[PDB]
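Chemist: Next comes structure.tsv, TSV, C-alpha atoms:
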chain	number	residue	atom	x	y	z
A	1	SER	CA	0.71	-11.77	-24.09
A	2	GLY	CA	-1.66	-8.84	-23.59
A	3	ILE	CA	-3.61	-10.25	-20.68
A	4	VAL	CA	-0.37	-11.58	-19.24
A	5	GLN	CA	1.54	-8.32	-19.75
A	6	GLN	CA	-1.38	-6.68	-17.94
A	7	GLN	CA	-0.44	-8.83	-14.94
A	8	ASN	CA	3.12	-7.70	-15.64
A	9	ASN	CA	2.84	-4.07	-14.60
A	10	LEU	CA	0.27	-5.16	-12.01
A	11	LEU	CA	2.95	-6.97	-10.01
A	12	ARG	CA	5.46	-4.26	-10.75
A	13	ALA	CA	3.00	-1.71	-9.30
A	14	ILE	CA	2.56	-3.80	-6.19
A	15	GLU	CA	6.29	-4.41	-5.78
A	16	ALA	CA	6.83	-0.64	-5.90
A	17	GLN	CA	4.06	0.03	-3.39
A	18	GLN	CA	5.82	-2.41	-1.03
A	19	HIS	CA	8.86	-0.13	-1.07
A	20	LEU	CA	6.72	2.94	-0.46
A	21	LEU	CA	5.17	0.93	2.39
A	22	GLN	CA	8.52	0.05	3.95
A	23	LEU	CA	9.57	3.65	3.55
A	24	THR	CA	6.31	4.59	5.28
A	25	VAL	CA	6.75	2.10	8.11
A	26	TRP	CA	10.33	3.31	8.47
A	27	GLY	CA	9.13	6.90	8.67
A	28	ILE	CA	6.88	5.89	11.54
A	29	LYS	CA	9.58	4.07	13.48
A	30	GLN	CA	11.86	7.11	13.82
A	31	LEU	CA	8.91	9.26	14.88
A	32	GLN	CA	8.37	6.76	17.67
A	33	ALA	CA	12.01	6.60	18.77
A	34	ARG	CA	12.30	10.38	19.05
A	35	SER	CA	9.40	10.49	21.46
A	36	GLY	CA	11.09	7.88	23.65
A	37	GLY	CA	9.43	4.47	23.56
A	38	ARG	CA	11.81	1.84	24.94
A	39	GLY	CA	9.29	-0.89	24.08
A	40	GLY	CA	5.54	-1.34	24.45
A	41	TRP	CA	5.24	-1.29	20.68
A	42	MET	CA	7.46	-4.23	19.80
A	43	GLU	CA	4.40	-6.37	19.16
A	44	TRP	CA	3.21	-3.86	16.53
A	45	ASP	CA	6.46	-4.47	14.65
A	46	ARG	CA	5.80	-8.19	15.05
A	47	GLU	CA	2.70	-7.70	12.94
A	48	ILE	CA	4.24	-5.65	10.13
A	49	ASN	CA	7.19	-8.03	10.01
A	50	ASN	CA	4.89	-11.02	9.60
A	51	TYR	CA	2.86	-9.28	6.90
A	52	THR	CA	5.98	-8.08	5.12
A	53	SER	CA	7.25	-11.66	4.94
A	54	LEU	CA	3.87	-12.99	3.89
A	55	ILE	CA	3.82	-10.33	1.16
A	56	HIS	CA	7.40	-10.88	0.00
A	57	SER	CA	6.65	-14.57	-0.30
A	58	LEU	CA	3.51	-13.95	-2.36
A	59	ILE	CA	5.53	-11.73	-4.72
A	60	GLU	CA	7.97	-14.62	-5.17
A	61	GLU	CA	5.04	-16.84	-6.20
A	62	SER	CA	4.00	-14.33	-8.83
A	63	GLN	CA	7.54	-13.99	-10.20
A	64	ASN	CA	7.95	-17.74	-10.63
A	65	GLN	CA	4.47	-18.44	-12.08
A	66	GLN	CA	4.91	-15.50	-14.43
A	67	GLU	CA	7.61	-17.77	-15.92
A	68	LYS	CA	4.86	-20.15	-17.06
B	1	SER	CA	-14.27	-10.31	-20.23
B	2	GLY	CA	-14.23	-12.19	-16.92
B	3	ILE	CA	-10.49	-12.62	-16.63
B	4	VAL	CA	-10.04	-9.08	-17.92
B	5	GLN	CA	-12.68	-7.59	-15.60
B	6	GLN	CA	-10.79	-9.37	-12.81
B	7	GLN	CA	-7.81	-7.19	-13.74
B	8	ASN	CA	-10.31	-4.32	-13.74
B	9	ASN	CA	-10.99	-4.09	-10.02
B	10	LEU	CA	-7.40	-5.21	-9.43
B	11	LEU	CA	-6.07	-1.93	-10.82
B	12	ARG	CA	-8.88	-0.01	-9.20
B	13	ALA	CA	-7.88	-1.53	-5.84
B	14	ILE	CA	-4.27	-0.53	-6.38
B	15	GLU	CA	-5.17	2.98	-7.54
B	16	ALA	CA	-7.17	3.42	-4.32
B	17	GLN	CA	-4.35	2.09	-2.16
B	18	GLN	CA	-2.08	4.71	-3.76
B	19	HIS	CA	-4.36	7.42	-2.37
B	20	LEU	CA	-4.38	5.80	1.06
B	21	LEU	CA	-0.58	5.69	0.71
B	22	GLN	CA	-0.29	9.38	-0.14
B	23	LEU	CA	-2.65	10.16	2.70
B	24	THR	CA	-0.37	8.04	4.90
B	25	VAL	CA	2.83	9.69	3.70
B	26	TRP	CA	1.14	13.06	4.19
B	27	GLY	CA	0.17	12.10	7.72
B	28	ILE	CA	3.82	11.38	8.43
B	29	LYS	CA	5.09	14.66	7.01
B	30	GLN	CA	3.09	16.86	9.39
B	31	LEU	CA	4.17	14.72	12.35
B	32	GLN	CA	7.73	15.49	11.33
B	33	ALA	CA	7.22	19.23	10.88
B	34	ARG	CA	5.63	19.64	14.31
B	35	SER	CA	8.68	18.13	15.96
B	36	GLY	CA	10.92	20.62	14.15
B	37	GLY	CA	13.03	19.08	11.40
B	38	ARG	CA	14.36	21.82	9.11
B	39	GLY	CA	15.90	19.16	6.85
B	40	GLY	CA	17.91	15.98	7.36
B	41	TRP	CA	14.99	14.01	5.97
B	42	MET	CA	14.71	15.58	2.53
B	43	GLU	CA	16.39	12.55	0.99
B	44	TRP	CA	13.64	10.31	2.44
B	45	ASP	CA	11.11	12.36	0.49
B	46	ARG	CA	13.35	11.93	-2.55
B	47	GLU	CA	12.70	8.21	-2.31
B	48	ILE	CA	8.92	8.33	-1.91
B	49	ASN	CA	8.70	10.90	-4.69
B	50	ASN	CA	10.63	8.64	-7.06
B	51	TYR	CA	8.51	5.62	-6.16
B	52	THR	CA	5.30	7.60	-6.43
B	53	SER	CA	6.24	8.64	-9.96
B	54	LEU	CA	7.36	5.14	-10.87
B	55	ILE	CA	4.01	3.88	-9.57
B	56	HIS	CA	1.89	6.54	-11.26
B	57	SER	CA	3.60	5.72	-14.52
B	58	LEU	CA	2.95	1.99	-14.14
B	59	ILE	CA	-0.75	2.74	-13.51
B	60	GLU	CA	-0.80	4.70	-16.77
B	61	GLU	CA	0.55	1.60	-18.56
B	62	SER	CA	-2.26	-0.49	-17.14
B	63	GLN	CA	-4.92	2.05	-18.12
B	64	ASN	CA	-3.76	2.20	-21.73
B	65	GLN	CA	-3.20	-1.56	-22.21
B	66	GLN	CA	-6.57	-2.22	-20.61
B	67	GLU	CA	-7.83	-0.50	-23.78
B	68	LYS	CA	-6.57	-3.48	-25.80
C	1	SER	CA	-5.82	-21.93	-14.31
C	2	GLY	CA	-2.35	-20.41	-14.68
C	3	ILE	CA	-3.43	-16.94	-15.72
C	4	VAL	CA	-6.22	-17.10	-13.16
C	5	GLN	CA	-3.97	-18.40	-10.37
C	6	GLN	CA	-1.71	-15.47	-11.24
C	7	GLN	CA	-4.62	-13.21	-10.27
C	8	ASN	CA	-4.90	-15.43	-7.19
C	9	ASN	CA	-1.76	-14.35	-5.36
C	10	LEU	CA	-2.23	-10.89	-6.88
C	11	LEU	CA	-5.34	-10.31	-4.77
C	12	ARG	CA	-3.78	-12.08	-1.83
C	13	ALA	CA	-0.81	-9.67	-2.06
C	14	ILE	CA	-3.14	-6.70	-2.13
C	15	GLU	CA	-5.28	-8.01	0.74
C	16	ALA	CA	-2.10	-8.33	2.82
C	17	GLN	CA	-0.91	-4.85	1.91
C	18	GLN	CA	-4.27	-3.53	3.15
C	19	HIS	CA	-3.46	-4.92	6.60
C	20	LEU	CA	0.02	-3.40	6.51
C	21	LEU	CA	-1.74	-0.17	5.50
C	22	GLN	CA	-4.19	-0.27	8.39
C	23	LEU	CA	-1.33	-1.09	10.70
C	24	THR	CA	0.47	1.93	9.22
C	25	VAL	CA	-2.51	4.25	9.55
C	26	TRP	CA	-2.94	2.98	13.11
C	27	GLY	CA	0.69	3.70	13.85
C	28	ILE	CA	0.11	7.27	12.74
C	29	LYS	CA	-3.00	7.79	14.85
C	30	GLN	CA	-1.27	7.09	18.17
C	31	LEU	CA	1.61	9.38	17.21
C	32	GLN	CA	-0.98	12.10	16.75
C	33	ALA	CA	-2.81	11.46	20.02
C	34	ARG	CA	0.39	11.59	22.08
C	35	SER	CA	1.15	15.05	20.76
C	36	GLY	CA	-2.30	16.24	21.81
C	37	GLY	CA	-4.66	16.88	18.90
C	38	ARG	CA	-8.25	17.04	20.17
C	39	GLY	CA	-9.49	17.38	16.57
C	40	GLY	CA	-8.46	19.39	13.52
C	41	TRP	CA	-7.52	16.14	11.81
C	42	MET	CA	-10.85	14.35	11.90
C	43	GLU	CA	-11.40	15.13	8.23
C	44	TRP	CA	-8.15	13.33	7.38
C	45	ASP	CA	-9.60	10.19	8.95
C	46	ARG	CA	-12.74	10.83	6.90
C	47	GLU	CA	-10.62	10.33	3.81
C	48	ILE	CA	-8.83	7.14	4.85
C	49	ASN	CA	-12.12	5.70	6.09
C	50	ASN	CA	-13.78	6.34	2.74
C	51	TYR	CA	-10.85	4.84	0.83
C	52	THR	CA	-10.67	1.86	3.15
C	53	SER	CA	-14.33	1.11	2.49
C	54	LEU	CA	-13.95	1.68	-1.23
C	55	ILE	CA	-10.99	-0.72	-1.16
C	56	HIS	CA	-12.68	-3.37	0.99
C	57	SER	CA	-15.61	-3.32	-1.38
C	58	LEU	CA	-13.37	-3.75	-4.44
C	59	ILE	CA	-11.72	-6.76	-2.76
C	60	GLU	CA	-15.18	-8.26	-2.29
C	61	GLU	CA	-15.77	-7.89	-6.05
C	62	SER	CA	-12.57	-9.76	-6.78
C	63	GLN	CA	-13.41	-12.56	-4.34
C	64	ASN	CA	-16.83	-13.16	-5.88
C	65	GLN	CA	-15.76	-12.90	-9.55
C	66	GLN	CA	-12.83	-15.18	-8.81
C	67	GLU	CA	-15.63	-17.74	-8.27
C	68	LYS	CA	-16.41	-17.54	-12.00
Would you put the structure from the file into structure tokens?

Modeler:
Amino acid sequence: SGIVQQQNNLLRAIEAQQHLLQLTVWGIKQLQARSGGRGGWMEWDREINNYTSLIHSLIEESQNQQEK
Amino acid sequence: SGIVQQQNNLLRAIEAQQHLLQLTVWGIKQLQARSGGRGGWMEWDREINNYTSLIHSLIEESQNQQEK
Amino acid sequence: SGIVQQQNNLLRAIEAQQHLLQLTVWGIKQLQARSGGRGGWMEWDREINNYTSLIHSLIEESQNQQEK
């Protein structure tokens, strides 16, 4: 308790920022499709996708270890 | 101390990322106003606004519990 | 251990979000250069640069204190 609840809202804060991040990335995508980019950016998505997965996996860790 | 100071710069890091997030969201807004979108995106702002508030509230939690 | 490993993946999660943030900021830059903005935004970069440094420094703190 206490110290551990501190890590409670810490993860919650980060989980929420992830959503604001995805919403942000999403906002960027559409701004790039309007312009007219049939590619030549697909490797930029490859990077955010790999960091999103790496992040979502790390959040899983935290949720399971915050069980004990 | 120690463990608790670790949670010190942890929150600080997240509070700073929030600003970089708002700066990011803000950078996206203007790019959407230039184009000419008199709406049809207002529900996307509704989502970031609700996550920004949820986040700002969670940071408050951390600041008060980091008092004891 | 335990509590401390919890702060392990916590920092890792934040370090990863920083990259997704830089990737996000970067995605915004190009969308602003295409349009044609030879300035009048350089003080917006001044803000993200100063928060990126402030953040990268805070992460350093965490990495060194997570040594003891």

Chemist: Could you list, as an NGL selection string, every residue within 12 Å of residue C:3, counting all atoms listed in the file and ignoring same-chain residues fewer than 6 positions away?

Modeler: (:A and (1-8 or 62 or 65-68)) or (:B and (2-4 or 6-7)) or (:C and (9-10 or 66))

Chemist: What is the atom CA of residue B:21-atom CA of residue C:17 distance in Å, reported with one decimal?

Modeler: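 Pair atom CA of residue B:21 / atom CA of residue C:17 returns 10.6 Å.
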
Chemist: Could you list the residues in chain C lying within 8 Å of chain B, using all atoms listed in the file, and format the result as a ChimeraX atom specification?

Modeler: /C:4,7,11,14,18,21,24-25,28,31-32,44,48,51-52,54-55,58-59,61-62,65-66,68

Chemist: Limited to C-alpha atoms, could you put the picked residues into a file as a JSON list (two decimals), in the frame of the given file?

Modeler:
[["chain", "number", "residue", "atom", "x", "y", "z"],
["C", 4, "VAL", "CA", -6.22, -17.10, -13.16],
["C", 7, "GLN", "CA", -4.62, -13.21, -10.27],
["C", 11, "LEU", "CA", -5.34, -10.31, -4.77],
["C", 14, "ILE", "CA", -3.14, -6.70, -2.13],
["C", 18, "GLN", "CA", -4.27, -3.53, 3.15],
["C", 21, "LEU", "CA", -1.74, -0.17, 5.50],
["C", 24, "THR", "CA", 0.47, 1.93, 9.22],
["C", 25, "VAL", "CA", -2.51, 4.25, 9.55],
["C", 28, "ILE", "CA", 0.11, 7.27, 12.74],
["C", 31, "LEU", "CA", 1.61, 9.38, 17.21],
["C", 32, "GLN", "CA", -0.98, 12.10, 16.75],
["C", 44, "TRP", "CA", -8.15, 13.33, 7.38],
["C", 48, "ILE", "CA", -8.83, 7.14, 4.85],
["C", 51, "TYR", "CA", -10.85, 4.84, 0.83],
["C", 52, "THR", "CA", -10.67, 1.86, 3.15],
["C", 54, "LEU", "CA", -13.95, 1.68, -1.23],
["C", 55, "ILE", "CA", -10.99, -0.72, -1.16],
["C", 58, "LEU", "CA", -13.37, -3.75, -4.44],
["C", 59, "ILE", "CA", -11.72, -6.76, -2.76],
["C", 61, "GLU", "CA", -15.77, -7.89, -6.05],
["C", 62, "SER", "CA", -12.57, -9.76, -6.78],
["C", 65, "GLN", "CA", -15.76, -12.90, -9.55],
["C", 66, "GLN", "CA", -12.83, -15.18, -8.81],
["C", 68, "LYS", "CA", -16.41, -17.54, -12.00]]

Chemist: To one decimal place, how far is atom CA of residue B:29 from atom CA of residue B:41 in Å?

Modeler: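 Going from atom CA of residue B:29 over to atom CA of residue B:41 covers 10.0 Å.
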
Chemist: Least-squares superpose chain C on chain B across all ordered C-alpha pairs, then write out what you get as a short mmCIF file (atom, residue, chain, number, x, y, z; two decimals) with C-alpha atoms, in the coordinates of the input.

Modeler:
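Heads up, here's the output in part-v5.cif:
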data_model
loop_
_atom_site.label_atom_id
_atom_site.label_comp_id
_atom_site.auth_asym_id
_atom_site.auth_seq_id
_atom_site.Cartn_x
_atom_site.Cartn_y
_atom_site.Cartn_z
CA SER C 1 -14.27 -10.31 -20.24
CA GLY C 2 -14.23 -12.19 -16.92
CA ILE C 3 -10.49 -12.62 -16.63
CA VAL C 4 -10.04 -9.08 -17.92
CA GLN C 5 -12.68 -7.60 -15.60
CA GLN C 6 -10.79 -9.37 -12.82
CA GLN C 7 -7.81 -7.19 -13.74
CA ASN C 8 -10.31 -4.32 -13.74
CA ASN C 9 -10.99 -4.08 -10.02
CA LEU C 10 -7.40 -5.21 -9.43
CA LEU C 11 -6.07 -1.93 -10.82
CA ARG C 12 -8.88 -0.01 -9.20
CA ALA C 13 -7.87 -1.53 -5.83
CA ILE C 14 -4.27 -0.54 -6.38
CA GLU C 15 -5.18 2.98 -7.54
CA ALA C 16 -7.17 3.42 -4.32
CA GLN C 17 -4.35 2.09 -2.16
CA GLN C 18 -2.08 4.71 -3.76
CA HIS C 19 -4.36 7.43 -2.37
CA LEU C 20 -4.38 5.80 1.06
CA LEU C 21 -0.59 5.70 0.71
CA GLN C 22 -0.29 9.38 -0.14
CA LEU C 23 -2.64 10.16 2.69
CA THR C 24 -0.37 8.05 4.91
CA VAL C 25 2.83 9.69 3.70
CA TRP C 26 1.14 13.06 4.20
CA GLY C 27 0.17 12.10 7.72
CA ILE C 28 3.81 11.39 8.43
CA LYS C 29 5.09 14.67 7.01
CA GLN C 30 3.09 16.86 9.40
CA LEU C 31 4.17 14.72 12.35
CA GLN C 32 7.73 15.49 11.33
CA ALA C 33 7.22 19.22 10.88
CA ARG C 34 5.63 19.64 14.31
CA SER C 35 8.68 18.13 15.96
CA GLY C 36 10.91 20.62 14.15
CA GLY C 37 13.03 19.08 11.40
CA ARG C 38 14.36 21.82 9.11
CA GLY C 39 15.90 19.16 6.84
CA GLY C 40 17.91 15.98 7.36
CA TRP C 41 14.99 14.01 5.97
CA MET C 42 14.71 15.57 2.54
CA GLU C 43 16.38 12.54 0.99
CA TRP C 44 13.65 10.32 2.44
CA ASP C 45 11.10 12.35 0.48
CA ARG C 46 13.36 11.93 -2.55
CA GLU C 47 12.70 8.21 -2.31
CA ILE C 48 8.92 8.33 -1.91
CA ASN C 49 8.70 10.90 -4.69
CA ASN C 50 10.63 8.65 -7.06
CA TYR C 51 8.51 5.62 -6.15
CA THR C 52 5.30 7.60 -6.44
CA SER C 53 6.24 8.64 -9.96
CA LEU C 54 7.36 5.15 -10.88
CA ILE C 55 4.02 3.87 -9.57
CA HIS C 56 1.89 6.54 -11.26
CA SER C 57 3.60 5.73 -14.52
CA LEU C 58 2.95 1.99 -14.14
CA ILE C 59 -0.75 2.74 -13.51
CA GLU C 60 -0.79 4.70 -16.77
CA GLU C 61 0.55 1.60 -18.57
CA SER C 62 -2.25 -0.49 -17.14
CA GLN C 63 -4.92 2.05 -18.11
CA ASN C 64 -3.76 2.20 -21.73
CA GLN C 65 -3.20 -1.56 -22.21
CA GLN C 66 -6.57 -2.22 -20.61
CA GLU C 67 -7.84 -0.50 -23.79
CA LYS C 68 -6.58 -3.49 -25.80
#
